[PDB]
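[1] Here is my input; please provide its structure:
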Amino acid sequence: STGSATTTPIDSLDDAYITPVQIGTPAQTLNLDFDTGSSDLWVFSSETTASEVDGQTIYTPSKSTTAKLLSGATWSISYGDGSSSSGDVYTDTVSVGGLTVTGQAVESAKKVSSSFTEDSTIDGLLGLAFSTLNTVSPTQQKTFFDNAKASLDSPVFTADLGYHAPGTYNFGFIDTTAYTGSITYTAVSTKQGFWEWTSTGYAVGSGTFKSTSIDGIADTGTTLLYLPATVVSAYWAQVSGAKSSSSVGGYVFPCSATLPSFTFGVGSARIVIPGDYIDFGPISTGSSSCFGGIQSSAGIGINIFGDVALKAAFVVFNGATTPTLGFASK
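    Numbering: from 1, shown residues only. The relevant structure is shown in the block below.
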């Protein structure tokens, strides 16, 4: 089997991407944030504290003939941005882009933090990291991908995120029309439960490539590119007037600037992030200070190849017995 679903930016900054997902019988379609940095499929629901719902579409298990309470199971998750959610668990039929899993754990939110409430466009998350990170207790649950894997034509999914445009998540096949050149594969460590890999270096604009190992995670659920302070300083030093602002929470630059590209290494291959992808616009409405899309990972504890980086590539998440990550230009 295979699946193919379009993923769409939630706003004009590509802050996140939503993908329609069918849950239950008859289908209830919710727009979920596919997150390769976590491993819980959770939804706004008929159980979510009413004051914490503001425009989201909810899953109502009592209206699904295939829903079953997973008795005694609870979940609770905290994300890198400080947001959180928790609740109880149902199993139900879940389909993505024509690919169906029966008995998927669907984590129903009883509580969500303010960031989730305030984002009316995101009805929940669909985790695509390794199932060892799943938070369901006392019986840990599998991700949609892990459940689907045995049925897939090939044990893979791909992320093809757009810049200010829709893109695609495919399951079970590699669309050879969706990228240019060849795919370069690189080793993954699953030790922390992430799609963790090591970039071979970077360049700023038309500058020389610096060969240096940068361990980080491929995380579709993080907006920006978070890299070591040395690398980030080298980038922003090439932008007149750019500076790190503790009041704003990162690097800012004059909105009048033209940003240089940023290149990262994948083995001997190179992925180029155009300068425009690094512009996250005014820090506040009407400001002439703009927020940068490359930020320091210092104090996160991990480097994160978020959407800014991933959307510059066609990315293969290879979940074979020895997992790997593939990157191609597009």
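[2] quick one, what contacts residue 122?
    When the contact criterion is C-beta atoms under 8 Å, 6 or more residues apart in numbering, the partners of residue 122 are 10, 16, 18, 31-33, 56, 116. To be clear about C-beta, it is placed using only N, CA and C from the backbone, and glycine gets the same treatment.
[3] Let's have the residues you listed in a markdown table, adding neighbour count, distance to residue 69 and secondary structure.
    Rendered in a markdown table, the data for the contacts of residue 122 read as follows (neighbours: other C-beta atoms under 10 Å; distance: C-beta to C-beta, whole Å; DSSP: H, G, I helix; E, B strand; the rest coil):
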| residue | neighbour count | distance to residue 69 | secondary structure |
| --- | --- | --- | --- |
| 10 | 16 | 31 | coil |
| 16 | 22 | 30 | coil |
| 18 | 20 | 27 | strand |
| 31 | 18 | 24 | strand |
| 32 | 27 | 21 | strand |
| 33 | 22 | 25 | strand |
| 56 | 23 | 22 | coil |
| 116 | 26 | 23 | helix |
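[4] Take those and write them to a markdown table, including distance to residue 223.
    Putting the contacts of residue 122 into a markdown table (distance: C-beta to C-beta, whole Å) gives the following:
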| residue | distance to residue 223 |
| --- | --- |
| 10 | 10 |
| 16 | 7 |
| 18 | 13 |
| 31 | 17 |
| 32 | 16 |
| 33 | 11 |
| 56 | 19 |
| 116 | 15 |
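[5] Pull the number of nearby residues for residue 6.
    A count of nearby residues for residue 6, using other C-beta atoms under 10 Å, gives 15.
[6] Just to be sure, it is in a strand?
    Yes - under DSSP: H, G, I helix; E, B strand; the rest coil, residue 6 sits within a strand.
[7] does it really touch residue 21, like I thought?
    No - between residue 6 and residue 21 there is no contact under C-beta atoms under 8 Å: 11.8 Å.
[8] before we move on, what SS does residue 280 have?
    Secondary structure assignment for residue 280 (three-state DSSP): strand.
[9] Same check on residue 14?
    Looking at residue 14 with three-state DSSP, the answer is coil.
[10] So if we follow the domain assignment, how does this structure break up?
    As recorded under curated CATH domains, the domains making up the chain are 5-174, 175-330.
[11] Phi first, then psi, for residue 230.
    Backbone geometry at residue 230, expressed as degrees, to the nearest 10, gives phi -60, psi -50.
[12] Check the spacing between it and residue 275 real quick.
    20 Å (C-beta to C-beta, to the nearest Å).
[13] swap in residue 52?
    When residue 52 is compared with residue 275 (using C-beta to C-beta), they lie 38 Å apart.
[14] Next: residue 286.
    Using C-beta to C-beta, we find residue 286 at a distance of 23 Å from residue 275.
[15] the more surrounded of these two?
    Taking neighbours as other C-beta under 10 Å, residue 286 and residue 275 compare with residue 275 leading, 17 against 6.
[16] OK, contacts around that one?
    Taking C-beta under 8 Å, 6+ apart as the criterion, residue 275 is in contact with 205, 258-262.
[17] Tabulate these (CSV), appending secondary structure, distance to residue 238 and neighbour count.
    Formatted as CSV, the entries for those read as follows, by DSSP: H, G, I helix; E, B strand; the rest coil; distance: C-beta to C-beta, whole Å; neighbours: other C-beta atoms under 10 Å:
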residue, secondary structure, distance to residue 238, neighbour count
205, coil, 6, 13
258, coil, 11, 9
259, coil, 9, 23
260, coil, 5, 19
261, coil, 10, 18
262, strand, 10, 29
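[18] Take these and lay them out in CSV including distance to residue 248.
    Shown next, in CSV, are the contacts of residue 275 (distance: C-beta to C-beta, whole Å):
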residue, distance to residue 248
205, 24
258, 21
259, 17
260, 21
261, 23
262, 20
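[19] Am I right that residue 169 is in a strand?
    Yes - counting by three-state DSSP, residue 169 falls inside a strand.
[20] how about the contacts of residue 275, which pair is most distant?
    For these, with distances taken as C-beta to C-beta, the pair at the greatest spread is 258 and 262 (13.6 Å).
[21] about what we covered before: quick check, nearest of the contacts of residue 122 to residue 155?
    Checking the contacts of residue 122 against residue 155 by C-beta to C-beta gives residue 32 as the nearest, at 21.4 Å.
[22] Next up, the contacts around that closest one.
    Contact criterion C-beta under 8 Å, 6+ apart gives 18-21, 41, 43, 122-126 as the residues in contact with residue 32.
[23] Let's see which of these end up in strands.
    In this view, the contacts of residue 32 that belong to strands under DSSP state E are 18-21, 41, 43, 124-126.
[24] Mark which of the residues you listed are buried, thanks.
    Listed as buried from the ones in strands among the contacts of residue 32 are 18-21, 41, 43, 124-126; burial here means 16 or more other C-beta atoms under 10 Å.
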